[PDB]
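[1] Mind folding the following:
(16 chains, ligands or ions: 7)
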Amino acid sequence: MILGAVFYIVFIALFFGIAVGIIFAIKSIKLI
Amino acid sequence: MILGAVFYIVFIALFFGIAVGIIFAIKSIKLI
Amino acid sequence: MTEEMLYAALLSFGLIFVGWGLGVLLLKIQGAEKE
Amino acid sequence: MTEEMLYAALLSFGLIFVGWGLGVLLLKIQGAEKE
Amino acid sequence: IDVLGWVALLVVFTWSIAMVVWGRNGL
Amino acid sequence: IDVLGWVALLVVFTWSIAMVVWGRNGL
Amino acid sequence: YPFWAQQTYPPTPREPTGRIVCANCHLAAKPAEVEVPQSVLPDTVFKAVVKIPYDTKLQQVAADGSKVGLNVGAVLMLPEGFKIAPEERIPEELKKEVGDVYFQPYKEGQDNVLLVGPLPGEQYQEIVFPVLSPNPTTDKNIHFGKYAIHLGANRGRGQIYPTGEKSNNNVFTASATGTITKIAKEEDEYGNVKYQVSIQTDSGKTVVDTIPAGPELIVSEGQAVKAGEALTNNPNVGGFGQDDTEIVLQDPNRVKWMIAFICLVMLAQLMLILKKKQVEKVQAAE
Amino acid sequence: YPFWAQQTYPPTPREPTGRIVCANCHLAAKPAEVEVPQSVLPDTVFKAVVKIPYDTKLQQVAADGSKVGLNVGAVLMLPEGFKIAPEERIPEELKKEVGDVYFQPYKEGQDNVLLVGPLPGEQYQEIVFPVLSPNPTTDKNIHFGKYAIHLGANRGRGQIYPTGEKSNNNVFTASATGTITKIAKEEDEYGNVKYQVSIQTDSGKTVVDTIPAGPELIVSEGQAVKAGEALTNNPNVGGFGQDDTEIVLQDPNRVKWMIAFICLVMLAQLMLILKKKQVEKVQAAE
Amino acid sequence: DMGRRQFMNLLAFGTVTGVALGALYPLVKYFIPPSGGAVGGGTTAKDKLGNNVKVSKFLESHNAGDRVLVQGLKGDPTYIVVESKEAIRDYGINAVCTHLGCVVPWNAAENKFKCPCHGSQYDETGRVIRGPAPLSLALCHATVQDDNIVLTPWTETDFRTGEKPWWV
Amino acid sequence: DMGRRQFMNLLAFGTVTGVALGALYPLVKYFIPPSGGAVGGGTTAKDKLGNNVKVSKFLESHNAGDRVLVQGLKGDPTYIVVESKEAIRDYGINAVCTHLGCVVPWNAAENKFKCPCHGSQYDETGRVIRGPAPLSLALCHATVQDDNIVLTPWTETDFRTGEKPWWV
Amino acid sequence: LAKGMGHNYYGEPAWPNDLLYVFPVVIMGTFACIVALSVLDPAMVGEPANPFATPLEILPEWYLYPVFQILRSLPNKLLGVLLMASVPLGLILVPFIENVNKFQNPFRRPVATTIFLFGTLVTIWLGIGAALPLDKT
Amino acid sequence: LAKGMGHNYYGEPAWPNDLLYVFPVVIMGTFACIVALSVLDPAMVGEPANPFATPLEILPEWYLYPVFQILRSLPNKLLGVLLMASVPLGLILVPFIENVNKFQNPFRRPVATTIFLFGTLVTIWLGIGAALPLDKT
Amino acid sequence: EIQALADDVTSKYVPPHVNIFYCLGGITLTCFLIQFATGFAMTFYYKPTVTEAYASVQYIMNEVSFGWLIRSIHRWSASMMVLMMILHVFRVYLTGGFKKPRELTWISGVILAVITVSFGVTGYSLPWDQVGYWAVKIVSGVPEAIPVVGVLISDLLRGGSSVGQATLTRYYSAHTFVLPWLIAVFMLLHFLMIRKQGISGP
Amino acid sequence: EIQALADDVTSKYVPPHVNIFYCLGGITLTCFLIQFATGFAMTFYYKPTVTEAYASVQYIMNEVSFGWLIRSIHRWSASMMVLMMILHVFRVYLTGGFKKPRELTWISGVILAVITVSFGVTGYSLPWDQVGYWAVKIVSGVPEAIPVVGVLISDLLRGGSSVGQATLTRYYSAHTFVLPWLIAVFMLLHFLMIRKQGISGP
Amino acid sequence: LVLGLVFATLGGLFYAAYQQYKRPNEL
Amino acid sequence: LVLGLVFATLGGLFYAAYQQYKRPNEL
Ligand code: CLA
Ligand code: HEC
Ligand code: HEM
Ligand code: HEM
Ligand SMILES: CC1=C(Br)C(=O)C(C(C)C)=C(Br)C1=O
Ligand code: FES
Ligand code: FES
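    Residues are numbered from 1 along each chain as shown, chains lettered A, B, ... in the order given. Ligands and ions are numbered 1, 2, ... in the order given. Now the structure:
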């Protein structure tokens, strides 16, 4: 059952690794 | 055991179908 | 243990011409090689 | 059934930076960039 | 023994449909 | 609990071979 | 009681499904925990807590009803081989001084299978279990890997008896479709004090029943029709939950190797970056 | 004799390996055939020859030796279900008039298992077997496909007896490492006439033996040392070979379909040539 | 001479993609599971030991209102009760919880076949009283074939107020 | 700055192609079979029934010069004789025909272990006398472990004129 | 890099190769764990007692919870079925539906995002540890 | 017909495609038999109802005779082995050896043919087992 | 050394750009070859049958050269690839990968996911754990619904109805024979097609 | 409807020639897909275990909508492909293929033959026959008469010490899992390479 | 009935081969 | 001994990741 958190977290690292925490390197590399 | 002859013959059909019975269509299509 | 299959041998082997012929024979009908 | 894995969650998730940093840190040593 | 009393048969019998078919379109 | 009393360890210990190695060829 | 189980189904308390006999009688409905370390070592004495909820604020009836003291019991399946730590060891009292009660096996022999005679009450709600780990090298009959651990913890009076008839901690219903015209509550001299009743069901045969002391009450007459069903009150507070788990024993020379293996990767995936771009000043030369 | 087999190992004569008891006694060394049709039909009486070699030119000894007549016997495993054709059928005598002898089962019941009491001699060397084929639809206990057929054919006198002692058609050895100084051949009044012997082995205990009438002879004294081994002569001509086989029963509505399927190919692989080149005067148009 | 109307070859392959179906219905039929007879395969309560289970497995080995189930017809985990009237009872429910699949066990106590997995509830004939299970179960017919305790199907009337054959 | 001497990376991959061997010796070791107990395993003449075969299987069930073989050590089809001297004989040959593999059977008659498949010929200790078999076989040591008839290897001296350990 | 041939629209700049001797850095590094894990936490024993029993432990893997949940979750109907089979199929139809995205930050958009950062908030909400009358403890 | 553009060495002259709608003519035609043959001569189970002792025969695979023959054929030695393993390996070394003919095949140089129309006359001579007549047909 | 040559010269082409992690695709795959191995590695001792299964797995764990190890990995690697995979989807949906150049390599991908998930369901019940048993004695009923397209179909999973000797063999042959081929195929399609990039810009 | 896609077009890229024998190659292959099927088709019903197996095959012939058929074919098709194959060699040697650029499509082919032959040896003993039994209880010893751990190898076949259940499972997994993959691979190599031609006449 | 057309079936079937005999095309 | 360096092994191992963090050229 451990595994759960061994990924309910590692993956969630992805969005703050993209979603509301990264990809913007294109919505900020260029705002105008 | 039948099979034996069902191929100890059909295959032997090959050489007289090539060996000492065919391929020569190139050693005769051209002798000189 | 020879006799039985022994005839099945040359048996098939013959049929190899059996058809091969016709295959050609069907040719002196629709445009192959002469004779 | 929460507690046990629950720490293993944020556990790993933290380590994601843990290394990520260094990865960069090894850079202020051999020629990286800030464009 | 007869056997050919068969090949000659069945066999040719399909042949007897083959040569026939061209006769339909070619002719 | 200590754990980091380990990561900080093992981890860096291999790091302490990494930065070292360039020192050999680059220097 | 724990014992009760082996006095009917003594081969083992754990039913083929996953539940323990406890409920085939004394039935309850409270939480329960049984946590112990991820990995434990061979030939080693280690921890094993068995938390048991409900705020101590609780105080149940009793045999005679008089709202009083509460008690906690249990049963547990340790993994095959696992036994109860040896006195001598039990590293210092730091251990000893937490769980000091009687832990008896179930069927004669099964040391991994343990019951707990001693029912501390609002005292031992942790019921710690000093447990030693077997050595699978002194005994090739013992193997490693994860192993199941199951538990069924009780409390509160029984609702069913081993005799074969209703307990106290529970509701006492009836039988009568008709408005019960009266009661019959009273008491008794000495060890007893009953609280009978008198339904009505004037609709033909006027039947009634016998509820005992223990459960409180509610309403009275002018109604109480319905169809002659449930009683006045339910005292039961019985607490029986259940948590399963598993612990791992580890061949150290088996953890070493896996580790000794990391360091290779640790180094490999390094030299693998060492070369590459970390040595590409080559095309980055023209 | 055939019977002899079931008088010791009656559950079945075919050993787990593939040989028949016949040799665990009367041991020989001649050829043997047992051929029958590829496929036979259900509920059908059909052939089954059991040729048995050796030019009739042969003539063995006998019980008393007097070089005379020869005899042929056997046993046979027909496939489970297969029985001996019904009198009524046995299509005309064209069949009947070849094999007219007694075919009895082995263990009581097994009709597919047949012995042949009747030992014709230089007469029935074909020993034909009129055999009916079962119907696996009247009996779902009967299935199709190929099925084994095994046979162990004998002849010539036994070399071993069911009593438990040497026969005639064979050799009579001895025991003596030393030159046998004499003999002992003679005869008997009436039903008997023995041919004893007297080895020597002066090298310690002068031992000797008893060879009987029957076998001819060879050399005499001045030698015959060796180590006291074999006898003077061996008459045996016993003939026991063995051939296994298999026959197929065929669901006609199972041959039809496979055939009905040909004609599809027969046509398909045709139209498939019909089009193609046989209609390519298209590119052969520009 | 000319082409254009290239319709015909729908037989060219219309037949080809025919030689296929022919050599396939046979195969596809193949992977398909059969059945020899009807309701009686391992019908003798065969409790896994290839055994033609006899009636004396349920009597002294059991007692008064003793509840242990056997192998059911087709395979089902079917129930076999015992009579406090010496011999035994002539049927057994398709324990197969009508709700999901959890073979619901009898209650050593109140007798309501509470399912374990979701606490369903039954009676002395299956019928559900408390969700999540929606329906009864299917009984059978005990007997003495060769001494076995053979079991069978249903579609008739019973002692008091039974039900109606909800399958077919 | 400059490259040229790109020797070093022999560790770069010299280690990588190291992480491999590490995670493999384990695996390759894996496909390599298991062991047995020098006490029991399948050594108790276990005749396929997982049975620790006892000595009374060969005595009355047998007789005088009775020849039936059991399961041999490791697996081999090893022979177990009976004594006309009441008890039994202390060994058994590796029936495994030294020529090919055909478990050569004893001759109910002349006693020469004629192989069936190619009529080889042996004696009372294996040794070949007539081709195609080139060599003897390997006997053992009968016993009474827990009553079993345990069997074992070889490398010593015997009663008359034996031979020499042709394996190792 | 860029100038005049691939006048299509598929980027080929300037990094090439030399990652395949880091992929191995990946790979390896992406192996270790299943060992660390396997050996740190081994596998499980089995059970083997009853055919018709019933383990208080049921379920599948964290990956068949939602699909599982659903199966049960809703009272009968092939709806249980369908709806679940609507996780694969229904999805295969996305590139068809949510099909546009251009230059700028073709990395986001929301009318798709939200439903995602949601059709995945429910999804977890289906990785549900049993008993549950759907939530709150 | 032979081409002009491309004008190489070992290329492709003519006929193209339309044989793949005859390959199926092959294929199918090359199926049917395995069918019919089965029927007329199906396969079977056998006396091994729970098998165990040295059979009278053991008709090793119906082709691996030669390799088999050999195995037995010669009195021991890994020679049996080797020599047989010399049927695969020894062969793989042919294209290396009989590659003398820079052009016209080893049919021109019979020196290959003969040994073939022979290293195959022996081969059959090894498809040889049972107990029938040598001076009798 | 060269010979009958081919492209035995130029192939070192193809240029990318500095994009972190996002290996999920290849990564997912990785764990596969770990399962193909570990997995296979077991086809050698797994005795799949009514019972010679559990009693047989006990043989891999306790008593055989690193069994536990192979197994465990397989177990993790499995439930692990399935994770790495899911993220691979995120990486996608959140990039606009299928986009327009090719959305089939996506769709095929889809299938790739059913197969993958399917690998578990099967193998996942092979050790007949009471958990592994029943939870596929329940997913075997899923199809008893739908116009015979499901009813007289569910059998194609377990055999005829119940569960026992067949339900297993069907699964096994699947987990080890069927699926292990499709996934292969579709991975190839997935890759083969993949000759059309994931994005572009300035 | 026709959609660009991932390109597509006249994948076929070069004419043939002028010859007839050549055919068996594909033919040999054919019979394979007959074995892959028939074969596989059985992974659903075969029981590679000591106890059963034979008692299990009786089940395929016995009933199973057409068992006998699938099986029989497989049997023939098998021993048939191996014939078609051998001739394929003749067609070759009889001509060439083993020269300069295909300096391998021949060799690989070789391997293709070992695998093929190997398929039998394994499957060929699966039935639990007496013939099928022993004749692989004899070919399992072939590798014992060897120096070094050449001996400590034959085991990698039989699994047990002599012929322990193992011998089967090793084989099976092989016949159904191992080989069925290599042959695949090499066939591919065999084909992939084959991007060539022949015929030396007028 | 078909005691003889048992295989007479198979021999009068090499036909397929026979089709592949009408093989030719110049193009 | 390694009651704690049990996993301390795995955390001080995401290192691989850490390598894939270093990846800078200039073309
Ligand atoms: C708007 C954007 C958006 C995005 C980007 C995503 C993205 C994603 N969703 Mg999601 N979702 C969304 C909206 C979105 N969702 C909405 C609005 C809903 C509400 C209904 C959902 C509901 C949803 C569910 C319920 C699930 C996901 C899952 C997933 C992801 C895992 C992919 C997978 O493998 O499925 C997994 C798919 C399956 C296991 C289905 C298999 C079903 C089997 C039983 C039958 C298949 C039948 C087949 C087609 C029959 C053919 C037979 C043949 C012979 C013909 C994933 C990346 C899945 C997940 O994370 O699972 C752990 C999941 O279960 N989503
Ligand atoms: C971690 C450093 C990465 C990164 C950034 C990528 N991968 Fe992989 N990958 C693998 C396979 C089999 C394929 C299919 C290839 C194809 O279809 O062409 C891929 C593909 C990619 C691509 C697309 C490449 C293309 O040329 O079109 C990209 C951009 C990519 N990967 C990036 C397999 C693996 C692994 C198993 C050995 C590992 C590890 C990785 N990939 C890791 C990474
Ligand atoms: C499980 C093995 C089991 C446990 C544990 C258990 C415990 C237990 C306790 C701790 C009490 C006393 C509670 C109090 O505060 O008075 C208690 C009481 C009763 N039990 Fe019990 N019990 C277990 C199992 C069983 C079983 C299987 C039965 C039925 C046959 C049963 C019955 C009872 C009864 C009756 C009582 C009440 C005694 C009283 O207080 O007068 N228990 N149990
Ligand atoms: C197999 C089942 C078996 C057959 C068949 C068989 C046949 C047979 C014949 C036909 C004869 C007579 C030969 C003659 O020309 O006189 C014959 C004779 C003897 N047999 Fe026999 N026999 C079979 C099996 C056995 C077995 C198993 C034994 C041993 C126990 C045995 C023995 C003998 C003996 C002795 C004789 C000779 C009788 C005599 O002519 O005086 N047979 N057998
Ligand atoms: C020891 C043990 C472990 Br660990 C285990 O995980 C299980 C099941 C949950 C599969 C069971 Br059952 C079991 O007995
Ligand atoms: S399966 Fe019975 S209540 Fe759910
Ligand atoms: S193996 Fe015994 S004679 Fe050949």
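[2] okay, CA-based contacts and neighbour counts for the rest of this
    Will do.
[3] May I ask which helix or strand encompasses the residue in chain K that ligand 3 sits nearest to?
    With Cα to the nearest ligand atom as the measure, residue K:56 is the residue of chain K nearest to ligand 3, at 17.4 Å. Following DSSP states H and E, one finds residue K:56 outside all helices and strands.
[4] what does chain K have sitting close to ligand 5?
    K:44, K:45, K:46, K:47 (Cα under 6 Å from any ligand atom).
[5] Just the closest of those to chain O, please.
    Comparing those against chain O with Cα to the nearest Cα places residue K:46 closest, at 54.7 Å.
[6] What number of neighbouring residues does the residue nearest to the closest one when sequence neighbours are not counted come out with?
    Among residues not flanking residue K:46 along the chain, residue M:129 sits closest, at 4.4 Å (Cα to Cα, 6 or more residues apart in numbering or on different chains). Residue M:129: 19 surrounding residues under other Cα atoms under 10 Å in any protein chain shown.
[7] Residue M:129 and residue G:79, how far apart?
    17 Å (Cα to Cα, to the nearest Å).
[8] and what of residue O:6?
    According to Cα to Cα, residue O:6 stands 68 Å off from residue G:79.
[9] quick one on the thing from earlier: tell me which element the nearest residue to the residue of chain K closest to ligand 3 once chain neighbours are set aside falls in.
    Setting aside the residues directly before and after it, residue K:56 is nearest to residue G:18 in space (Cα to Cα, 6+ apart), at 5.8 Å. Here residue G:18 is covered by no helix or strand, with elements defined by DSSP H and E.
[10] Wait, residue G:18 touches residue K:50, no?
    No - Residue G:18 sits out of contact with residue K:50 when judged by Cα atoms under 8 Å, with a separation of 11.2 Å.
[11] Compare these two (neighbour count), which wins?
    residue G:18 (19 against 10).
[12] who touches that one in this structure?
    By Cα atoms under 8 Å, 6 or more residues apart in numbering or on different chains, the residues touching residue G:18 are K:54, K:55, K:56.
[13] what about the second one, how many neighbours?
    Think residue K:55. Around residue K:55 there are 22 other residues, counting by other Cα under 10 Å.
[14] any idea how far residue I:103 is from the closest residue to it other than its chain neighbours?
    Leaving aside its chain neighbours, residue K:55 sits nearest to residue G:17 (5.0 Å; criterion: Cα to Cα, 6+ apart). To residue I:103, residue G:17 is 11 Å away according to Cα to Cα.
[15] Could you do residue M:123 as well?
    24 Å.
[16] picking that back up, distance to residue L:108 added to the contacts of residue G:18, as JSON lines?
    Supplementary listing: those in JSON lines, determined by distance: Cα to Cα, whole Å:
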{"residue": "K:54", "distance to residue L:108": "78"}
{"residue": "K:55", "distance to residue L:108": "77"}
{"residue": "K:56", "distance to residue L:108": "80"}
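[17] Count residues in the vicinity of the residue of chain K closest to ligand 3, would you?
    Neighbour tally, residue K:56, other Cα under 10 Å: 14.
[18] Give me the domain ranges for chain G.
    Structural domains annotated on chain G: G:1-171+G:234-254, G:172-233, G:255-286, as defined by curated CATH domains.
[19] just so I know, which of these lies nearest ligand 5?
    Of the domains of chain G, nearest to ligand 5 by Cα to the nearest ligand atom is domain G:1-171+G:234-254, at 3.3 Å.
[20] Point to the residue nearest the middle of the chain.
    As the question left the chain open, I've gone with chain A. residue A:15 (1.8 Å; Cα atoms, centre = their mean).
[21] how much space between that residue and chain G?
    26 Å (Cα to the nearest Cα, to the nearest Å).
[22] can you pull the contacts of that residue?
    A:21, A:22.
[23] And it, how far from residue K:108?
    Distance from residue A:15 to residue K:108, by Cα to Cα: 11 Å.
[24] Please apply the same query to residue C:4.
    Per Cα to Cα, residue C:4 is found 78 Å from residue K:108.
[25] Comparing those two, which residue is more hemmed in?
    residue K:108 (20 against 13).
[26] Run through the residues of chain K sitting next to chain G.
    Counting by Cα under 8 Å from any Cα of the partner chain, the residues of chain K close to chain G are K:18-19, K:21-22, K:24-26, K:28-29, K:32, K:35-36, K:39-45, K:49-50, K:53-56.
[27] Not counting sequence-adjacent ones, nearest residue to the residue in the stretch 1-150 of chain G positioned nearest to chain A?
    Nearest residue of the stretch 1-150 of chain G to chain A, counting by Cα to the nearest Cα: residue G:38, 10.4 Å away. Nearest non-adjacent residue to residue G:38, counting by Cα to Cα, 6+ apart: residue G:247, 5.6 Å away.
[28] and that neighbour, what does it touch?
    The neighbourhood of residue G:247, defined by Cα under 8 Å, 6+ apart, consists of G:36, G:37, G:38, G:39, G:40, G:146, G:147, G:148, G:149.
[29] So it lies in a strand, does it not?
    Yes - with DSSP: H, G, I helix; E, B strand; the rest coil as the criterion, residue G:247 is assigned to a strand.
[30] what is it paired to in the beta sheet?
    Taking DSSP bridges, one finds residue G:147 as the beta-bridge partners of residue G:247.
[31] Let me see the ranges of the helices in the chain.
    You didn't say which chain, so I picked chain A. Using DSSP state H, the helices assigned to chain A run over residues A:5-8, A:12-15.
[32] To clarify, I was referring to chain O.
    O:8-11, O:15-19.
[33] which one is the one residue in the stretch 1-150 of chain G that gets nearest to ligand 1 nearest to, not counting chain neighbours?
    For the stretch 1-150 of chain G and ligand 1, the shortest gap (Cα to the nearest ligand atom) falls at residue G:146, measuring 26.1 Å. Nearest non-adjacent residue to residue G:146, counting by Cα to Cα, 6+ apart: residue G:248, 4.4 Å away.
[34] Quickly find the element holding the closest residue to ligand 1 within chain E.
    Going by Cα to the nearest ligand atom, ligand 1 is nearest to residue E:14 of chain E, at 40.4 Å. In this assignment (DSSP H and E), residue E:14 forms part of helix E:10-25.
[35] List of residues touching that helix?
    Contacts of helix E:10-25 (Cα under 8 Å, 6+ apart): C:26, H:266, O:12, O:13, O:15.
[36] In these, which residue is surrounded by the most others?
    Within the contacts of helix E:10-25, neighbour counts (other Cα under 10 Å) peak at residue O:15, which reaches 26 neighbours.
[37] Can you tell me how far the closest residue to residue G:144 other than its chain neighbours is from residue D:4?
    The spatially closest residue to residue G:144, leaving aside those adjacent along the chain, is residue G:249, at 5.6 Å (Cα to Cα, 6+ apart). According to Cα to Cα, residue G:249 and residue D:4 sit 18 Å apart.
[38] and what of residue C:10?
    79 Å.
[39] The residue of the stretch 101-250 of chain G at minimum distance from ligand 2 - how many residues pack around it?
    Closest contact between the stretch 101-250 of chain G and ligand 2, by Cα to the nearest ligand atom, is at residue G:145 (29.7 Å). Residue G:145 has 23 neighbours, counted by other Cα under 10 Å.
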